[PDB]
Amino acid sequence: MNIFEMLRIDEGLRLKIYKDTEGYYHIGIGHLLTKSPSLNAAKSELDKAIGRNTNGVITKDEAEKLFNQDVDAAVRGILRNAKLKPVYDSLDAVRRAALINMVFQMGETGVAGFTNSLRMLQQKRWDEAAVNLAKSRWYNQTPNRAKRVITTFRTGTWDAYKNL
């Protein structure tokens, strides 16, 4: 298991434009196209992202290219952020993946807003952090995914992603 496989489980893979669980246009492995309700706006975004005039459908290699960029961007979001970088630095590589997962789903600014959660993670108070992380819009709206990420923080193991 690693961050790529983890996010492939949590996000799925679709080769045509789809709406994610927020109702926003996406493609591939959880690649956000736009928060606009306009499908045409989403398709322009897609063409811009791929570099060609698509028909709203990409190949698996193209989806994996965007995914590889998006994972890279979630780390960039963490390492450039004064709140996220010290927590990441402090974590083992398995818990690092859980933090990348959150930033992939919610973005840098949103995960930086988990001030109290981040403090408990930096303190290595894993059960307390897990309780605090669940008191969120994130957990209520995507509970099974948040439970997997939270178990990863709580235990420092991949147990929530094995059998899947």
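Position 1 is the first residue in the sequence shown; the rest follow in order.
Student: Decide which of the stretches 90-98 and 73-81 has the higher mean C-alpha B-factor, going by the entry.
Tutor: Mean B over CA atoms: larger for 73-81.
Student: Going by the B-factors listed in the PDB entry, is the mean over the C-alpha atoms higher for 2-10 or for 155-163?
Tutor: Between 2-10 and 155-163, it is 155-163.
Student: Check the PDB entry and point out which of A41, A129, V103, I27 has the largest C-alpha temperature factor.
Tutor: Comparing C-alpha B-factors across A41, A129, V103, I27, the top value belongs to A41.
Student: By the record's CA B-factor, is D61 among the lowest, middle or highest third of residues in the chain?
Tutor: Middle third - that is where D61 ends up once the chain's C-alpha B-factors are sorted.
Student: How does the C-alpha B factor of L46 compare with the rest of the chain: lowest, middle or highest third?
Tutor: CA B-factor rank for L46: middle third.
Student: Ranking every modelled residue in this chain by its Cα temperature factor as given in the entry, which third contains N68?
Tutor: Lowest third.
Student: Grab the CA temperature factor for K19 from the record and place it in the lowest, middle or highest third of its chain.
Tutor: As the PDB entry reports it, the C-alpha B-factor of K19 lands in the middle third of its chain.
Student: Could you tell me which third, lowest, middle or highest, the C-alpha B-factor of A134 occupies within its chain?
Tutor: Middle third, going by the recorded CA B-factors of the chain.
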